[PDB]
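**Q** Please find the sequence and an experimentally derived structure below.
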Amino acid sequence: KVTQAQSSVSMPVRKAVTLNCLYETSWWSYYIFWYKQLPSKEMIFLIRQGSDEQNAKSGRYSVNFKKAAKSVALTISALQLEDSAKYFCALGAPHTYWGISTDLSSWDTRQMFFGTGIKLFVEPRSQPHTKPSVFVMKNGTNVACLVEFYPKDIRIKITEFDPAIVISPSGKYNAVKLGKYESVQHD
Amino acid sequence: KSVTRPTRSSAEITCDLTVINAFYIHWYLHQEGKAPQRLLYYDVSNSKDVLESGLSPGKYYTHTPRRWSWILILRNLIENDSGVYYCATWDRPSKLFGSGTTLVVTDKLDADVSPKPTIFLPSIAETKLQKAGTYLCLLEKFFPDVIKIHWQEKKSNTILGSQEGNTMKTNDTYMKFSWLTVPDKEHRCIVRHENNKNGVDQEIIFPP
Amino acid sequence: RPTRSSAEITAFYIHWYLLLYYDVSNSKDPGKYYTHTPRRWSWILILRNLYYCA
């Protein structure tokens, strides 16, 4: 069993975020895997930390494994923008031959037990407020409002859809409001 | 990446696990709010299906269409069966996971659920203001929400960094838009959706 | 296709002659023969560990 009590944590870019995952086990030797599920739902392996190994490290990723406390919390240091995902702490025993139940399974039949995951939001770093430029694009009875605005707090008739706010690669925010209409409030 | 099938039907999950010396292929279901959980694993050498305890036989089947190929088959689909499915095989440092396909089980709405493309060619406004415009393509009333909108060039298969808005349910289908800001050229917008024209994924031209 | 493999061979009950019958209602056909419905009113027999539709 894996217990990730806290989900949807938020941290800025270039800081370090520690994802706290616990586990319940009856295995003498085991491994804990840290995966990240991308928005494309492509579960990407990040780090492996054995029960009888030193605290694992994979460049940016590190693990603070506490065998007695069963705290194998991951740490990501110097986050960049493309770090937001659903981070899964998974207890498995792949390369383990002694210390599990008396089943004749050859560890290739062993399941990787997952925790419910923690979504990580990589907010952009604090920076001076920026005035956004607005383009009202219309093509075929449809209106799209394009807004360089910090922070994400911005406000913008057959139907009007929820505006989408995204973190631009410029280390700021960009939003688009879609509506079948056919202003600016950021400072 | 998306498989939409009615209730009381059969759904197939194929995946890009290119593992050759695989001996067991596990099928994990992530139901988006719970943990990814194994439904079964397929003994490749003996070709057997080991279901998890408390299940019933015939709910899940592992098919071998080719040599090193597997497909999870679900009979008498129900809505609880919806989720994301992965084929996972243990690797030396980790457990390799397939790209994962979303199986959404509908009640039966049945209409043209292809993503309807609306195209927003920028005016001369951005070229006048900061000589850098944006091309935005939206897709209305598609089912399921599982879509992949990304932009490439004519001369390359490079996934250009393109801003992608969220997906929003209209009434029961979904709408999703994506814009790319040119730093001009024919930047194409590829839309990966299950329901498209002639089976192949959708594609939109964006001329200057 | 080699041996030790799977073979794909393309009304309430659909019977297979050379074996089994598939009930579409409760969707019921161990593991040697399986019936898969890739489409609506389309059935394919799958044989693991290596024919007429009736």
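**A** On my side now, so go ahead. Residues are numbered from 1 along each chain as shown, chains lettered A, B, ... in the order given.
**Q** List the buried residues in stretch B:158-178.
**A** B:162, B:163, B:164, B:165, B:166, B:167, B:173, B:174, B:175, B:176, B:177, B:178 (16 or more other Cβ atoms under 10 Å in any protein chain shown). (Each C-beta comes from the backbone N, C-alpha and C, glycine too.)
**Q** And chain A, is that stretch touching that?
**A** Yes: Stretch B:158-178 comes into contact with chain A (Cβ under 8 Å from any Cβ of the partner chain), by way of B:161, B:163, B:164, B:165, B:166, B:168, B:175, B:177.
**Q** Show me the contact partners of that stretch.
**A** Defining contact as Cβ atoms under 8 Å, 6 or more residues apart in numbering or on different chains, one finds that stretch B:158-178 is touched by A:144, A:161-162, A:164, A:166, A:168-169, A:174, A:176, A:178, B:109, B:113, B:115, B:136-145, B:147, B:149-153, B:179-181, B:187, B:189.
**Q** Next: stretch A:164-181.
**A** Contacts of stretch A:164-181 (Cβ under 8 Å, 6+ apart): A:13, A:81, A:122-125, A:127, A:130, A:132, A:141-152, A:154, A:156-161, A:163, B:136, B:138, B:161, B:163-166, B:175, B:177, B:179.
**Q** All the helices of chain B, in order from the start?
**A** Along chain B, counting by DSSP state H, helices occupy B:125-129.
**Q** Spit out the contact partners of residue A:146.
**A** Here residue A:146 is in contact with A:133, A:134, A:135, A:136, A:137, A:174, A:176, B:134, B:136, B:179 (Cβ under 8 Å, 6+ apart).
**Q** mind redoing it with 6 Å?
**A** By Cβ atoms under 6 Å, 6 or more residues apart in numbering or on different chains, the contact list for residue A:146 reads A:135, A:176.
**Q** Check the one 3 residues further on too.
**A** Neighbouring residues of residue A:149 by Cβ under 6 Å, 6+ apart: A:130, A:132, A:173, A:186.
**Q** go with 8 Å
**A** So residue A:149 contacts A:130, A:131, A:132, A:172, A:173, A:174, A:175, A:186 (Cβ under 8 Å, 6+ apart).
**Q** Is it possible to mark the buried ones in those?
**A** If we count by 16+ other Cβ under 10 Å, the contacts of residue A:149 have these buried: A:132, A:172, A:173, A:174, A:175, A:186.
**Q** quick revisit: nearest to residue B:17, out of the contacts of residue A:149: which one, please.
**A** residue A:174 (36.3 Å; Cβ to Cβ).
**Q** how close does the residue nearest to residue A:99 when sequence neighbours are not counted sit to residue A:97?
**A** Distance criterion Cβ to Cβ, 6 or more residues apart in numbering or on different chains; nearest residue to residue A:99, sequence neighbours excluded, is residue A:28 at 3.0 Å. As judged by Cβ to Cβ, to the nearest Å, residue A:28 and residue A:97 stand 11 Å apart.
**Q** now residue A:152
**A** Taken as Cβ to Cβ, the span from residue A:152 to residue A:97 is 51 Å.
**Q** do the same with residue B:93
**A** 17 Å.
**Q** Quickly note the distance from the spatially closest residue to residue B:119 that is not a sequence neighbour to residue B:116.
**A** The shortest distance from residue B:119 to any non-neighbouring residue, by Cβ to Cβ, 6+ apart, is to residue B:137 (5.7 Å). Taking Cβ to Cβ as the measure, residue B:137 falls 11 Å from residue B:116.
**Q** quick one, which of these two is more surrounded?
**A** residue B:137 (26 against 13; other Cβ atoms under 10 Å in any protein chain shown).
**Q** could you list every residue that touches that one?
**A** So residue B:137 contacts B:117, B:118, B:119, B:120, B:149, B:177, B:178, B:179, B:189, B:191, B:204, B:206 (Cβ under 8 Å, 6+ apart).
**Q** Weed out the non-buried ones from those.
**A** For those, buried by 16+ other Cβ under 10 Å: B:118, B:119, B:120, B:149, B:177, B:178, B:179, B:189, B:191, B:204, B:206.
**Q** What is the nearest of the buried residues of stretch B:158-178 to chain C?
**A** Using Cβ to the nearest Cβ, residue B:173 comes nearest to chain C of those, at 21.3 Å.
**Q** give me phi/psi at that closest one?
**A** Dihedral pair for residue B:173: phi -90, psi -170, per degrees, to the nearest 10.
**Q** For burial, what's the neighbour tally of the residue in chain A positioned nearest to chain C?
**A** Distance from chain C to each residue of chain A (Cβ to the nearest Cβ) is smallest for residue A:109, at 16.3 Å. Residues within reach of residue A:109, counting by other Cβ under 10 Å, total 15.
**Q** One more: residue A:153?
**A** 12.
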